Amino acid sequence: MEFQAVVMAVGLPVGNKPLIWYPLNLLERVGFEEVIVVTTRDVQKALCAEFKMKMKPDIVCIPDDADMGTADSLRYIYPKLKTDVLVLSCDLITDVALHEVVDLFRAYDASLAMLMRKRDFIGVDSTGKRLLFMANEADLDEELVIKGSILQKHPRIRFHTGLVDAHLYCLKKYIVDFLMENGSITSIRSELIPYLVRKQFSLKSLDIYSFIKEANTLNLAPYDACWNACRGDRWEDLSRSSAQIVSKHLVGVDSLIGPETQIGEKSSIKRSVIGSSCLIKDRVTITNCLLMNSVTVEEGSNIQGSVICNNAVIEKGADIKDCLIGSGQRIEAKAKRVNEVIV
Amino acid sequence: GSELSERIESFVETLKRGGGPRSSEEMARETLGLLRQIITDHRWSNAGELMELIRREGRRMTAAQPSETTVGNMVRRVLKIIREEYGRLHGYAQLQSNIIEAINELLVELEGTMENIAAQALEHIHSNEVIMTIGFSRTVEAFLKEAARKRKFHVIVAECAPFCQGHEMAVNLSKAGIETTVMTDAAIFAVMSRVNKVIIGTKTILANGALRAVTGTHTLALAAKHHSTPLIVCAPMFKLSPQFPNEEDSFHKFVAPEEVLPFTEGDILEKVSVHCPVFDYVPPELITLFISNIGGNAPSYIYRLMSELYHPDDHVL
Amino acid sequence: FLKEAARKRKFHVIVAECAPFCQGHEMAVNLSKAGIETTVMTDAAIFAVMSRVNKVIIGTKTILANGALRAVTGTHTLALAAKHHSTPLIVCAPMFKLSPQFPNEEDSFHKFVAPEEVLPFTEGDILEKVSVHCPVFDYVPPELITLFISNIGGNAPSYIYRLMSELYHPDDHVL
Amino acid sequence: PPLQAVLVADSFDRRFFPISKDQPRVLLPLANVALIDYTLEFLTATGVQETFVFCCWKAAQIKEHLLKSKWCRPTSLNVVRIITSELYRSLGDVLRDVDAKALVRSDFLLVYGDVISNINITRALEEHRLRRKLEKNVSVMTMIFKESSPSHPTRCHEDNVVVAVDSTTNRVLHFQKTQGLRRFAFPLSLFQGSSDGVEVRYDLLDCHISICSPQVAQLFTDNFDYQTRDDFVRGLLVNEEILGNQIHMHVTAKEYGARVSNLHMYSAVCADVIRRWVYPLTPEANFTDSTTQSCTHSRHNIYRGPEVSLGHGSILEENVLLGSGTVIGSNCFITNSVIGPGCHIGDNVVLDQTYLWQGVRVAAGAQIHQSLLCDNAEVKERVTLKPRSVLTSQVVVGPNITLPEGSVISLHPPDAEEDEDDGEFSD
Amino acid sequence: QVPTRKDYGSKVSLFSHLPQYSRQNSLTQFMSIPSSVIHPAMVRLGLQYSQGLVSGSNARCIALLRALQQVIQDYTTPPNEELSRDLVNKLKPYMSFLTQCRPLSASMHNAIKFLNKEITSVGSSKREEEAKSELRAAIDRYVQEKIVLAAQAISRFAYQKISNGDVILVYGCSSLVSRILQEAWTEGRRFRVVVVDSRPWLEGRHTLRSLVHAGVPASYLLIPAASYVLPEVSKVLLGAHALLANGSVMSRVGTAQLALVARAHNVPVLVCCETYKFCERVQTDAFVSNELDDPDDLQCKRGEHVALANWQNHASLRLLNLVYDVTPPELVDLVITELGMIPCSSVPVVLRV
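**Q** Please explain the interface of chain B and chain E as it appears in this structure.
**A** One widely used convention gives an interface's size as the accessible area the parts lose upon coming together. Taken together, the contacts link 50 residues of chain B with 47 residues of chain E. Together, the buried faces of chain B and chain E total about 4200 Å²; carbon and sulfur atoms form 66% of this surface. Contact with chain E buries surface across chain B, with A186(B), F189(B) and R194(B) losing the most and accounting together for 13% of the total. A salt bridge links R318(E) to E179(B), with the nearest nitrogen and oxygen atoms 3.5 Å apart. At the junction of chain B with chain E, the criterion picks out 13 residue pairs in polar contact. Only helix 8 (165-172), strand 3 (180-184), helix 9 (188-192) and helix 10 (218-226) of chain B provide two or more residues apiece to the side of chain B that touches chain E. Of the pairings in the sheet, the one linking strand 3 of chain B to strand 7 (residues 317-319) of chain E comprises 3 bridges and is parallel in character. Bridge pairing links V182(B) to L319(E) in strand 7 of chain E.

**Q** How should I be thinking about the arrangement of the chains in this particular structure?
**A** With 7 pairs of chains in contact overall, the greatest share of contacts is found between chains B and E. Across all C-alpha pairs, the smallest distance from chain A to chain C is 40 Å, and the two are not in contact. Structurally, chain C and chain D remain out of contact, their C-alpha atoms never closer than 35 Å.

**Q** Help me understand the packing of helix 4 (residues 70-88) of chain B against helix 5 (residues 95-110) of chain B in this model?
**A** Angle between the axes and distance between the axes: these two values describe a pair of packed helices. All names here are of chain B. The interhelical angle for the contact between helix 4 and helix 5, taken along N-to-C directions, is 140°, at an axis separation of 10 Å. In terms of axis orientation, helix 4 runs oblique to helix 5. Read as a crossing pair, helix 4 and helix 5 show a hand that is right-handed. Between helix 4, through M74, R77, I81, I82 and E85, and helix 5, the contact on the second element is made entirely by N98, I99, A102, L106 and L110. Each residue belonging to the contact of helix 4 with helix 5 can be placed in one class, and the counts come to 7 nonpolar, 1 polar and 2 charged.

**Q** How do you make sense of the sheet that holds strand 17 (residues 361-362) of chain D when you look at a structure like this?
**A** Residue and element names in this part refer to chain D. If you trace the 3 strands from one edge of the open sheet to the other, you get 15-17-19, paired in parallel fashion. Strands at the two margins of the open sheet, each flanked by one partner only, are strand 15 (344-345) and strand 19 (378-379). Sheet analysis places strand 17 next to strand 19, joined by 2 bridges and oriented parallel. By the bridge assignment for strand 19, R361 is matched with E378.

**Q** Even after reading the chapter, I still don't get a positive patch on the surface, so can you show me in this structure?
**A** On the surface, a cluster of positive charge is made up of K147(A), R198(A), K199(A), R182(D) and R183(D). Looking at the element boundaries, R183(D) is found in the loop between strand 8 (172-177) and helix 6 (188-192). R183(D) gets classed as partly exposed once you look at its relative accessible area, which sits at 47%.

**Q** Mind showing me how you'd approach the interface of chain E and chain C here?
**A** Across the contact, 12 residues belong to chain E and 12 residues belong to chain C. Carbon and sulfur atoms make up 63% of the surface buried where chain E meets chain C, a total of about 970 Å² over both sides. At the surface where chain E touches chain C, the tally comes to 1 salt bridge. Residue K55(C) pairs with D285(E) through a salt bridge whose shortest N-O separation is 3.2 Å. Viewed at the interface, chain C and chain E are joined by 3 residue pairs in polar contact. Looking at the side of chain E that touches chain C residue by residue, the classes come out as 6 nonpolar, 3 polar and 3 charged.

**Q** How do you make sense of the pattern of salt bridges when you look at a structure like this?
**A** Two side chains bearing opposite charge may form a pair once their charged atoms approach each other closely. A full pass over the atoms with the stated rule returns 47 salt bridges over all chains. Where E265(B) meets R205(E), a salt bridge forms, and the shortest distance between an N and an O atom there is 4.0 Å. Residue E265(B) is found in the loop between strand 7 (231-234) and strand 8 (279-281), and its partner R205(E) is found in helix 7 (residues 204-212); the two belong to separate chains. Residue classification places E265(B) among the buried residues on the basis of a relative accessible area of 14%. Two residues, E106(C) and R70(C), come together in a salt bridge whose shortest N-O distance is 3.7 Å. Of this pair, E106(C) sits in the loop between strand 5 (89-91) and strand 6 (137-139) while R70(C) sits in strand 4 (residues 70-72), and the two are 36 residues apart along the sequence.

**Q** Could you clarify how one ought to interpret the sheet that holds strand 3 of chain B in this entry?
**A** Whenever strands of a sheet pair, they do so through backbone hydrogen bonds, lying parallel or antiparallel. The strand order across the open sheet built from 8 strands is 10(B)-9(B)-7(B)-4(B)-1(B)-2(B)-3(B)-7(E), with neighbouring strands paired in mixed fashion. Where the open sheet ends on each side, the last strands, each with one partner, are strand 10 (295-297) of chain B together with strand 7 of chain E. Taken pair by pair, the neighbouring strands of this sheet meet at an average axis angle of 25°, ignoring direction. Set on the sheet, helix 8 of chain B makes contact with strand 1 (130-134), strand 2 (154-159) and strand 3 of chain B together with strand 7 of chain E; between it and strand 2 of chain B the angle comes to about 155°.

**Q** Looking at this structure, how should I read the environment of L104(A)?
**A** Note that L104(A) resides in helix 4 (residues 98-106). Sequence separation between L104(A) and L88(A) is 16 residues; the distance between their C-alpha atoms is 17 Å.

**Q** Looking at this structure, I do not really get unusual backbone geometry. What am I missing?
**A** Both trends apply: most residues other than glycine have a negative phi, and most peptide bonds are in trans. Across the junction of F17(D) and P18(D), the peptide omega takes the value 0°, indicating a cis bond. Tracing the backbone through its elements, the reader meets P18(D) in the loop between strand 1 (4-8) and helix 1 (19-22). Of note, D254(A) is a non-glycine position whose phi angle comes to about 50°, a positive value. As for its placement among the helices and strands, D254(A) is situated in the loop between helix 8 (224-236) and strand 10 (279-280). Unlike most non-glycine residues, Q353(D) shows phi in positive territory, near 45°. Examined against the element boundaries, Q353(D) turns out to sit in the loop between strand 16 (350-352) and strand 17.

**Q** Just to check I follow, could you spell out the nonpolar core for this structure?
**A** Note that soluble globular proteins tend to have their nonpolar side chains buried in a common cluster. Grouped together as the largest cluster of nonpolar side chains are 93 residues, with contacts concentrated most on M183(B), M192(B), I200(B), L211(B) and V233(B). Looking at this core, the element that brings in the most residues is helix 8 (residues 253-265) of chain E, giving 7 residues. Three or more residues apiece are contributed to this core by two domains, here domain 1 (1-153) and domain 2 (154-353) of chain E. With near-sequence residues (within four places) excluded, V233(B) lies in contact with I200(B), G201(B), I205(B), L211(B), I287(B), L289(B), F290(B) and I291(B). Judged by nonpolar contacts, the second largest core, of 69 residues, contains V255(B), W277(D), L281(D) and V216(E).

The rules behind these values
Residues numbered from 1 in each chain as written, not as in the entry; some residues may be left out. Chains lettered and ligands numbered in written order. Part of a larger assembly, values for the part shown. Heavy atoms only, no water. Residues with missing side-chain atoms left out of burial classes, pairs and counts. Contact = heavy atoms within 4.5 Å. Buried area = accessible area lost by both parts, 1.4 Å probe. Salt bridge = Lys/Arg side-chain N within 4 Å of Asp/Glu carboxyl O. Polar contact = N/O pair within 3.5 Å; in protein donor to acceptor, adjacent residues only side chain to side chain. Helix = DSSP H or I, 4+ residues; strand = E, 2+ residues; numbered from the N terminus. Pairing = 2+ DSSP bridges. Axes fitted to C-alpha atoms, helices over the stretch in contact; angles between N-to-C directions. Parallel < 35°, antiparallel > 145°, perpendicular 65-115°, else oblique. Left-handed = near helix turned anticlockwise from the far one by under 90°. Nonpolar A, V, L, I, M, F, W, Y, C, P; charged D, E, K, R; others polar. Patch = residues over 30% accessible without salt bridge, like charges linked within 9 Å, V, L, I, M, F, W, Y side chains within 5 Å. Areas by Shrake-Rupley, 256 points an atom, 1.4 Å probe, with all protein chains shown as cover. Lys, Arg positive; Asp, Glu negative; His and termini not counted. Charge placed at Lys NZ, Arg CZ, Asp CG, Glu CD. Buried < 20%, exposed > 50% of the residue type's maximum accessible area, 1.4 Å probe, protein only. Core = buried A, V, L, I, M, F, W, Y, C linked by side-chain atoms within 4.5 Å. Domains from an automatic or database assignment.

Right, here's the structure in full:
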């Protein structure tokens, strides 16, 4: 092929399904038969197989060493790559019309197409595509030193300060080659883009295009945004509890839990995103939050606004609200503080 | 007394720049109001003194914006009427009231010329037809949505480029179920082979039928001389003028060059001597058939009408 | 031509009829036998209807070395009309209707047929001083036609004097 | 309510020298029509009935021309009050006067001495009064700017302005000139002050026709440092902490609004008023009522006053004007120029993009390009000039004397780059 | 597997059979982006045809042929197959898709036809790579000789018929007239162009710029006022985005009308056209084949309001704007092709034999 199903992300498979599946079925839905993957990198070289449990039987992937920057990882993966590249992130849950991104990339032959869905203040073209001067707040001291040229070129620069990026960049192969030649940068999102957009001015021009959006965003260890993104995708991801035995007995309120859906009563939860492999059918109160899989409930647990993690057996009338009862804390008769409980 | 001068100056000013009165009917109407005001609220022993006075004021009113002669020919007709009344009362006492009643006759006729044209319409159009106009005149839109409530033709209006003025008509007439098609003026000839007749307005009908219309019509008159499809010139009788075509060609109305080449263009405006006329002259021989509140006529009857209304001496105004 | 290019569309075919002896009438019957909206008319009012006509397809008898074909009578006045209304003249003649003589080569370029069809003998005495002409072939000039539909495609009155040299010889003009 | 409008009859960076010593910058006949008339006509048309012309530099002549002119006659729908005061020489003084003398009810236009324009501010004025009464006097000055493109020959290096405006409210979030600057500077917390999106902007020609509330003179007289509207808006836009009262703006599409500040922009706006860019303002309308200016507009913009009597076989390319009573020489060649009323011309003389004025006289043989010739600039034979080769006030040039580019010559030894003469020497 | 761009509102009476497309639903929304069906070079070409970035005849043909080079010299052959069969079979859907995304001008049609003949030339005589590089060299020699050398010879010709002291007139982004006027100004030959232009795709700006950036003292004025300039336009030098059998010069919608007013005003005409725009078909009216674009661009920002914002909600408002009309050969007083200064009536023979 001429396009590339590459991905890029560091630091994971939490949520409804593994955090990796969503971009995978995204891509395999928007063409992209083959799917290139860059797997576990944190400390180990073995979670590749644990990532190989996706329903799609197509996967090509590599594991790597401890620390690798995004620019470093790309210069690293340079060998097995041969054409136009499309870097993505496992940390982006969106149902975007990406075809429009590669559209604005191909039509104008701009060297690089980026997407930005409503730090991260950019200055873009008078007509909404050709970005001109991007940065974050802590980048430059207090001013906007806009090179007199680019205002001599588009005397109406329209800005976007209240806006977050997405980190999905279509890069022409030659900029990949030149990047590989250069061994100073480490981060795409930080120093790749501004480098191009600053060298855009000073025939061949290294045009670069940006696409504004209001659909969906990215998420990291603060998956707070991810829980509500999955709230939307529970309206989406069934065609874009949910797919399991459906009992409709207890309080299933915009909720979704996988198989092993414990059929019990006296339990409730609102605005919920529940997980599977759980012995939670007995009496419990509301949750009003989301939670990973493999949980339990018994004796009227009054949980609230937190994450019920994996591989736990918690029950017996608890009192918690806005406190992470996550990896490595599980009791029954306990009232938890309302602050940031590190667990 | 000074109220005279103040409404005179208001009229002259809103003439030099003021958009609106829109329909030339309305321009002539407020002109006639001002004429009545002048011709009742001033002093004159003989009638010739009023001839001279109104001649002065009409000379100023026309040399203000000579691109518009509805006011000029109104002045000339009023001078004809004073000639009439002086002749009647010579071969002085109360002729003022006679003037005013004749002017009221003129004005009530003016107020109905549009319906005269409307009633005369349907004798020229019939179904399974396609008609082409240009620009926008209130007379033509009255004409068409008048003939529309009896039968449904297919009008093809060509939007003028310096102003998408025809556009408005194409909306207005679309509000009678009339099959309006909007084409870009350039493409006139591209469809000139399927337009059974054209209906063009004017802003003047010079003294030999050589009308002067909205720009983008000399091309229409020539593309309809070519295919020998006919020009229905829907010109209400009051739009004439005893002036003749070849006169110093300060004849069009050179509107601001921002219509064609916007100012935001850039440096190239150094030596690009842009132009923009909104009045295309049209010669007589291309003009097939005049309409008027009297009936139908030929471009040769226009000289009869000019010797009819405007006394041939006051062409210099 | 028409009854093949009209089994897709439906449109206006104003068949004039040759007045000497009605010729377009079986034409009209044959067309109407497929329903083509055929309107038959006497050849004397063409300049009346010409201004509501779009394409003027005329069937010709033979062409010349100017393009100035000569065809069934009344086609020259139809050509003067259909130029006065600047419609095209879409002739439809195959190749073999093309002869490399020139317009004013034949004394009586036309073909006068028996005047009995213009003023039949049953008239009487007035047949003693009436030169009843009947030229049943009339001569289209060159500059009134625009588009030959030959069976090689479209052509123009100035891609004919080469169809000669492509088909005939120079010195076979006199045969 | 009415709309008064102040005409500050002299901006106070005296640049037209020695031009500003024979007749003021406002008495400058742009096209045989004193700039003051274009300003007053703009006022009368845009809706003004109330003007005050505060004239400072030799105000007596501005009066003597103005009083016998149109608006000062009672038949005017626009009242003019020549508030003459040779006391001060700063625009802030005019604003402080119209503050202390209580000479505004509300919404008084502020126009400089020579703005050339035909803008209909009725939409600007309506939005002004609206956002005023709909947001309770928070606004101060609603600016109006002409869309342009950064290289049109009007906006040169002198006053290339830069704005940072909002999107909807159209308020000037930031402002600065760019005469001798190649970068730009702003606060990031300002863009925090507009999270919906600030918009830098550079394609705005400055019309100098910002509408002034009474709170303009209010917030002005409180300080003394403010001495030019630029300083005013710089102050209003640096005091964004304590009652900044955002200066408001509004961009226009069609009409042409510029200001003859300097000889370069003067020539630009002359050869752009000739070219009908400001219809109705175009000398055939003769909005300045005088029959000594009947421009019988001809083909190819070849204007022609009454009783012209030009030469023999002399192509007049285009954009030419010819004042009244002139006379042209045989086989001359005018282009893009402007001539003055009753000004002779000699045989075999080319005049490209020049600007002669009243009284001038050029005998045979000369060749002038891009220059200017102020009043009565009699000229001998066989003389050439260069771009911007101004002169002024009767300085006869000797024959065979070519002049370089900035050849400013007039009576003044230490200001004009030569002295008055009938050769090229002998001060 | 090749979708279609649906119609847009309502057509005109005569044009219910002509196409009318929309400038928004470029098929690149519903084609799998790693286009294993269409070579992404071909898709990029189609797309940037849609938006109207590349417009003129020469420019569109250059783009088509560069895309064909880019795909051919990277084509891959299947075994047990003949090149001049498997190639054209693998290619036909690409031309279909290009037609879909935008109609094919005359120049592009003749380029496709030339390439079809050239592909039929090669065969198993050479192995894949040989005939492939051969095809590439052939397309490049075409791009040289048929347009570049064409413009050169046409400029050398028309340099005879431009007199020092006259004016000329043009119409829109016709590349040949730009080149002719430029090169005719470099040789010390003075004139004074007066461009004209039409709406919506106001394009006379192109030649106006390209002239003044080269020192040509031009002037600009919209086409409905052109009938005012002709008292001085001592020639007329039109482009020709096509040529037809009967001398019917098919061009942009203004050329025919302009030539008519020129004839009636008594000033010469001179179309300019190279020698592959002669398509082997004939057309006598402006309706059997034209292209209605995305029509929603007629609306003007006149005054304060777009006069047709609700273009389609009216039950009976229907907007046409043709792209080409067909000026007839009674008016075309020259055709300066590189084969000679042939008058237009004698074009059905010269360019054909």
